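Every heavy atom of this structure was used, including side-chain atoms; hydrogens, water molecules and symmetry mates were not. Positions are given from 1, in the same order as the sequence printed here. As the structure lists them, so they are numbered: ligands from 1, and atoms in each ligand from 1.
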Amino acid sequence: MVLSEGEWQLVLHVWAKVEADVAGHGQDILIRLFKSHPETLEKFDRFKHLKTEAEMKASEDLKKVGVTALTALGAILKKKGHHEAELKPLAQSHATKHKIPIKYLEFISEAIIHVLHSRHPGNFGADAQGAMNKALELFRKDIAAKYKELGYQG
Ligand code: HEM
Ligand SMILES: OC[C@H]1O[C@@](CO)(O[C@H]2O[C@H](CO)[C@@H](O)[C@H](O)[C@H]2O)[C@@H](O)[C@@H]1O
């Protein structure tokens, strides 16, 4: 699968708005993930004990983890599909150390889409959401292939 340049521009135009406040977007996305799919919180040994949305919002550790994830994803998106180098360390850590199944990458992709739809209706209409879905599907397809090369079914 290959995105067109027009599709990449829709992706990068909404990402530019995320970048006004990466920390706040990361909080919203992780909280949505943990509320919609509580099993995913168990993978974060550093804050898996958090019990409520209020505790999640107050956690500086959770905020920093959200910034780190969205910054890595932004760098991938800006490569417009030419992301082989960026996926290597990420696939290795997520397959081998953190043990994150592809299904959980689907869950975080849904959380990203949900939050962008809520926060950015001016830059996240139907065509823009479809382009972002196609970019996240490409990311997950390529990471899944790397997982398999690395010895993890995912
Ligand atoms: C867009 C998808 C994601 C991106 C770009 C991403 C990126 C990152 C980065 C850059 C790190 C730090 C370096 C590393 O260890 O590789 C990290 C750490 C981590 N990631 Fe992800 N991640 C993603 C999705 C997920 C998901 C869905 C989970 C769990 C359900 C997860 C679990 C973890 C854990 C447990 C750590 C260690 C966190 C800590 O230091 O406390 N990641 N991730
Ligand atoms: O590059 C591997 C890995 O490191 C992270 C932080 O966990 O990003 C760091 O390295 C990038 C490439 O050199 C820099 O652009 C970035 O500023 C730096 O923090 C992850 O994003 C990435 O997967």
Participant: I want to know if ligand 1 touches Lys43 in the polar sense, i.e. an N/O pair below 3.5 angstrom.
Facilitator: no
Participant: Return the CD to CG distance between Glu5 and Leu12, rounded to the nearest 0.5 Å.
Facilitator: 8.0 Å
Participant: For this output row, return yes or no: ring centroids of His37 and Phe107 closer than 6.0 angstrom.
Facilitator: yes
Participant: Could you work out, for atom 24 (C) of ligand 1, the closest of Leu136, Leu105, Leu90 by heavy-atom distance?
Facilitator: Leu105
Participant: To which of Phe139, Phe47, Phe44 does the heavy atom nearest atom 29 (C) of ligand 1 belong?
Facilitator: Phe44
Participant: I'd like the contact residues of ligand 2, where contact means a heavy atom below 4.0 Å.
Facilitator: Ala72
Participant: Are the side chains of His98 and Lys43 in touch, meaning some heavy atoms are under 4.5 Å apart?
Facilitator: no
Participant: Starting from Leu73, can I reach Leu10 by hopping between I/L/V/M/F/W/Y residues whose side chains sit under 4.5 Å apart?
Facilitator: no
Participant: N/O/S of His98 less than 2.8 Å from atom 21 (Fe) of ligand 1?
Facilitator: no
Participant: Look only at the side chain of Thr71 and the backbone of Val67, and say whether a donor-acceptor pair between them is shorter than 3.5 Å.
Facilitator: yes
Participant: Show which atoms of ligand 1 fall inside a sub-4.0 Å distance from at least one heavy-atom site of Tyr104.
Facilitator: 27 (C), 30 (C)
Participant: Please compare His94, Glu39, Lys48 and report which has the shortest non-hydrogen distance to atom 6 (C) of ligand 1.
Facilitator: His94
Participant: Could you tell me whether some N/O pair between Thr40 and ligand 1 is separated by less than 3.5 angstrom?
Facilitator: no
Participant: Would you check if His83 and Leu138 make a side-chain contact, meaning some heavy-atom pair closer than 4.5 Å?
Facilitator: yes
Participant: Pairs of donor and acceptor atoms involving the side chains of residues 17-33, under 3.5 Å and at least two apart or interchain, shall be tabulated with distances.
Facilitator:
{"unit_1": "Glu19", "atom_1": "OE2", "unit_2": "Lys78", "atom_2": "NZ", "d": "2.7"}
{"unit_1": "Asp21", "atom_1": "OD1", "unit_2": "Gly24", "atom_2": "N", "d": "3.0"}
{"unit_1": "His25", "atom_1": "ND1", "unit_2": "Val18", "atom_2": "O", "d": "3.4"}
{"unit_1": "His25", "atom_1": "ND1", "unit_2": "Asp21", "atom_2": "O", "d": "2.8"}
{"unit_1": "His25", "atom_1": "NE2", "unit_2": "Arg119", "atom_2": "NE", "d": "3.4"}
{"unit_1": "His25", "atom_1": "NE2", "unit_2": "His120", "atom_2": "NE2", "d": "2.9"}
{"unit_1": "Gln27", "atom_1": "NE2", "unit_2": "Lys57", "atom_2": "O", "d": "3.3"}
{"unit_1": "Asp28", "atom_1": "OD2", "unit_2": "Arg119", "atom_2": "NH1", "d": "2.9"}
{"unit_1": "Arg32", "atom_1": "NE", "unit_2": "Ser36", "atom_2": "OG", "d": "3.3"}
{"unit_1": "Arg32", "atom_1": "NH1", "unit_2": "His114", "atom_2": "NE2", "d": "3.2"}

Participant: Ligand 1 and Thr68, any nitrogen or oxygen pair closer than 3.5 angstrom?
Facilitator: no
Participant: Show which side-chain atoms of residues 125-136 pair as donor or acceptor with protein atoms under 3.5 Å away, not counting sequence neighbours.
Facilitator:
{"unit_1": "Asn133", "atom_1": "ND2", "unit_2": "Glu137", "atom_2": "OE2", "d": "3.1"}
{"unit_1": "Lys134", "atom_1": "NZ", "unit_2": "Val2", "atom_2": "O", "d": "3.4"}
{"unit_1": "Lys134", "atom_1": "NZ", "unit_2": "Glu7", "atom_2": "OE1", "d": "2.9"}
{"unit_1": "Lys134", "atom_1": "NZ", "unit_2": "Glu7", "atom_2": "OE2", "d": "3.3"}

Participant: Is any side-chain heavy atom of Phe124 closer than 4.5 Å to a side-chain heavy atom of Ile113?
Facilitator: yes
Participant: Under 4.0 Å, heavy atoms only, figure out whether ligand 1 is touched by the backbone of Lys97, its side chain, both or neither.
Facilitator: neither
Participant: Please identify which atoms of ligand 1 are closer than 4.0 Å to at least one heavy atom of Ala72.
Facilitator: 10 (C)
Participant: For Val65, is there any backbone N or O sitting under 3.5 Å from a side-chain donor or acceptor partner on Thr68?
Facilitator: no
Participant: Listed by chain and number, what are the side chain to side chain contact (heavy atoms under 4.5 Å, CB included) partners of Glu84, not counting sequence neighbours?
Facilitator: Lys88, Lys146
